[PDB]
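Trainee: one piece of my complex first, more on the way:
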Amino acid sequence: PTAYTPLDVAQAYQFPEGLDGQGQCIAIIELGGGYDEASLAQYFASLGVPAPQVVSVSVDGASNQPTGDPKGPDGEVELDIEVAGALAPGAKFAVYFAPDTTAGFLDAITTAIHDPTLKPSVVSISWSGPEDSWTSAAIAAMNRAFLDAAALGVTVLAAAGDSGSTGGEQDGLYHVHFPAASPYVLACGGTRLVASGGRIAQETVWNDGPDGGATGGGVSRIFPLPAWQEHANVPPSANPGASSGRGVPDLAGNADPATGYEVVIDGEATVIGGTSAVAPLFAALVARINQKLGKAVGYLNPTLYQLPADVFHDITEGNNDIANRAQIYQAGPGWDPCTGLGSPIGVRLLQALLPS
């Protein structure tokens, strides 16, 4: 019942101090909505941080288009900038607006990672959906773009979803989300964070079922278990058949609205949550790290899974089941299909990524 500012959450996760993503660019893919910038300047000023430069990029005709909807479209865009910008104010923000279609989504991503002028080193994605609700073509194309981004030295972060292990499908089975299920994507799960003064009192799996949402996570049907996830104790799917797949998510962060983020949407202060708040949070972390290293970390997943356990805060309590019946999936020691490796400890992650 205590709400945080991004700075509070960042201190709890121990983000590298004295860094603000200066000289880095963060791309945000938006499939609808827009941001009113006076509401941004108002937000950054009340936080005591310099307002980061934010530029709009039109994809396939789409534009920065807010109109003051009570909830919905505007909530998506303003959120990412406010959360990531409060933590990486030195970073440049390129927001790519595209039509809400797979063509629009693909084009915004291909445009971003090939942007000659803006040159994003980080790409944050929120829009998700069940992997099997994607056509086989769109999956292949979108997965190719991510592989393209990895070879380009670009980090891509995606939310895992806010509908538990079932993922919003009622067929009676479990479904992970896409693009989160892609192995070329840093998948971000959700947790409930209790922190009081730069330290984590307790952190558990986010699960406000059977109504108010839960972190996505599980085992992919489409994508096989990657080589870097072999020593991760990833279980076979809970669905009948139960063969190995890609484990979702990779990381997790504060996503519970009850312990949510204090933001300003459409001129008015409020508190929000969800895994779509996590991807910008960790995008700022990556930006900060890129500043120190002097080069983009790029594709991170293989490296993350071979780092010492002390680099992360292992979440071991809670489950993904929104119904709380079968309790699938369950968090535990090490990697789990609710929170992945857990929440990152910024300074330790930075230390582990520095040259020997």
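Mentor: Happy to help now that I have it. Numbering: from 1, shown residues only, chains lettered A, B, ... in the order given.

Trainee: pull the longest strand from chain A.
Mentor: For chain A, the strand with the greatest residue count under DSSP state E is strand A:186-195.

Trainee: partners of that one, with directions?
Mentor: Paired strands of strand A:186-195, with direction, are strand A:155-159 (parallel), strand A:200-205 (antiparallel), strand A:251-254 (parallel) (DSSP bridges).

Trainee: Give me the distance from that strand to the chain's centre.
Mentor: Here strand A:186-195 shows a centroid-to-chain-centroid distance of 9 Å under the convention Cα atoms, centre = their mean, to the nearest Å.

Trainee: cool, and stretch A:94-113?
Mentor: 17 Å.

Trainee: Stretch A:258-269 now?
Mentor: 18 Å.

Trainee: circling back: can I get the longest strand of chain A as CSV, trimmed to CA atoms?
Mentor: C-alpha atoms of strand A:186-195 as CSV (Å, rounded to 0.1, in the frame of the first residue of the first chain):
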residue,chain,number,x,y,z
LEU,A,186,15.0,-9.6,-22.7
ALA,A,187,11.7,-10.7,-21.1
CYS,A,188,10.6,-8.7,-18.1
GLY,A,189,8.4,-10.2,-15.4
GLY,A,190,6.5,-8.5,-12.6
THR,A,191,7.0,-8.6,-8.8
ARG,A,192,5.5,-6.9,-5.7
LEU,A,193,8.2,-4.8,-4.1
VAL,A,194,8.4,-3.8,-0.5
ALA,A,195,11.4,-1.5,0.0
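
Trainee: so where do the helices sit in the stretch 151-300 of chain A?
Mentor: A:278-293 (DSSP state H, counting those that start in this stretch).

Trainee: mind putting the strands paired with strand A:186-195 in TSV, distance to residue A:100 and mean neighbour count included?
Mentor: C-beta here means a position set from N, CA and C on the backbone, and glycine is covered the same way. Output for these, formatted as TSV (distance: least, Cβ to Cβ, whole Å; neighbours: other Cβ atoms under 10 Å):
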stretch	distance to residue A:100	mean neighbour count
strand A:155-159	16	28
strand A:200-205	30	18
strand A:251-254	26	28
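
Trainee: In TSV: these, plus distance to residue A:309.
Mentor: As requested, the strands paired with strand A:186-195 are exported to TSV (distance: least, Cβ to Cβ, whole Å):
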stretch	distance to residue A:309
strand A:155-159	22
strand A:200-205	15
strand A:251-254	14
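
Trainee: As chain B, please add this:
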Amino acid sequence: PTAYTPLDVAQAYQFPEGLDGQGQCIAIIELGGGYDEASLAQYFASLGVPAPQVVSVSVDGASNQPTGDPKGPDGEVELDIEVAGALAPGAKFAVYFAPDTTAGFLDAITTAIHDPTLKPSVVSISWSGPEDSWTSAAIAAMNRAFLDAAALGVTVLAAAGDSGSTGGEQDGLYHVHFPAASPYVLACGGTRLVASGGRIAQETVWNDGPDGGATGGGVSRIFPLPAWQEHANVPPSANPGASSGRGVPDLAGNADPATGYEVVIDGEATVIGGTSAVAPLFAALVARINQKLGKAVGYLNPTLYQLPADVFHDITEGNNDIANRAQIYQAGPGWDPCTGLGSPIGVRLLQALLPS
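Mentor: Let me put chain B in with the others:
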């Protein structure tokens, strides 16, 4: 932010079904206050359980003395009966009223465990305080009574305290509470319980610091590490010097007021928490178990620590530090100075206590 009835909590901890403590007597030591019985009958009727017989016993002149104080005295007595009686309605309740003195406290306990007519098999105690704030005489006498109770085949349960690892002492050090620190007492810690339909979604260490209370627990200065606690990974005290002592607590249960118990105090419904809610809860469990076994379990501590781990729900997340600075003490795998062995799983505990 969801409150429970005792029945809800009992289902989560999986209390043995088809048992209600019939033919058992539970003693409750009260050092002040009283209960208005119309408020009791009203409470048990709204729960759909038969109202258990409750008898008052005067010790050293003290009597069942409520007067309708907004908070305080009456809250202690009505609580224990309502929580324990809702779960063991078949049990007889002997409430021993004594003056708020060590003489009164000792006499109420010696009277209870030697009661020729009422014959309690279980004794629930709430009143606690820092072990070193007790005189050496009172400690020795009170500890002797507990040893007497154990040889008499009586189970004694005590709350661990609601002031974290410091225990309410400001000297800059950590203190466990007494009688909880006695090895002849079943010490009950506090947790925050999230359960939704007979299953535990998540359970963590109760800690509403730096203001609203936290579960007591730690390492005793007075009492040495018992033989039955040797294979329990009990750490040496956090205080300077740091020698071995008795580990507090032994068990833990729902004690967070935010996830508290729906009760009726002074005619009006409300929600309460604290470790003083835990001892009556587990006293009902013991009563239910005694019914099935056909004899009192009596001194339980040695048996508990040599039972399989699957009998308990291990709490592994959270800390005892009300300030959340040093984070002492911290919960983890197995026994810890915040929650002990964890919350009991009634059916598994009953199975483990049944003859081979």
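
Trainee: rewinding a little: could you give the angle of the longest strand of chain A to helix A:278-293?
Mentor: Orientation check (axes from the mean of the first three to the mean of the last three Cα atoms, to 10 degrees): strand A:186-195 against helix A:278-293 gives 100 degrees.

Trainee: What distance do you get for the residue in the stretch 1-150 of chain A that chain B sits nearest to to residue B:78?
Mentor: Nearest residue of the stretch 1-150 of chain A to chain B (Cβ to the nearest Cβ) works out as residue A:1 at 6.6 Å. Residue A:1 sits at a distance of 27 Å from residue B:78 (criterion: Cβ to Cβ, to the nearest Å).

Trainee: between those two, who's got more neighbours?
Mentor: Set side by side, residue A:1 and residue B:78 show more neighbours around residue B:78, with 25 against 7, by other Cβ atoms under 10 Å in any protein chain shown.

Trainee: which residue packs closest to residue A:17, ignoring adjacent ones?
Mentor: Ranked by Cβ to Cβ, 6 or more residues apart in numbering or on different chains and with sequence neighbours excluded, the top spatial neighbour of residue A:17 is residue A:347, at 7.7 Å.

Trainee: can you check residue A:43 too?
Mentor: Beyond its immediate neighbours in the sequence, the residue positioned closest to residue A:43 (Cβ to Cβ, 6+ apart) is residue A:264, lying 4.3 Å away.

Trainee: That neighbour against residue A:39, yeah?
Mentor: Yes: under the criterion of Cβ atoms under 8 Å, residue A:264 makes contact with residue A:39 at 5.6 Å.

Trainee: Show me what the residue nearest to residue A:43 bridges to in the sheet.
Mentor: Bridge pairing for residue A:264 - DSSP bridges - gives residue A:269.

Trainee: List the contacts of it.
Mentor: For residue A:264, the contacting residues are A:39, A:42, A:43, A:46, A:78, A:82, A:270, by Cβ atoms under 8 Å, 6 or more residues apart in numbering or on different chains.

Trainee: can you check residue A:151 too?
Mentor: If you count contacts by Cβ under 8 Å, 6+ apart, residue A:151 has none.

Trainee: do you know how far it is from residue A:124?
Mentor: Using Cβ to Cβ, we find residue A:151 at a distance of 19 Å from residue A:124.

Trainee: other SSEs contacting the strand or helix carrying residue A:81?
Mentor: In this structure, residue A:81 sits in helix A:73-87 according to DSSP states H and E. Helix A:73-87 is packed against helix A:6-12, strand A:25-30, helix A:37-47, strand A:92-97, strand A:261-265, helix A:278-293, with contacts defined by 3 or more Cβ pairs under 8 Å, 6 or more residues apart in numbering or on different chains; DSSP states H and E.
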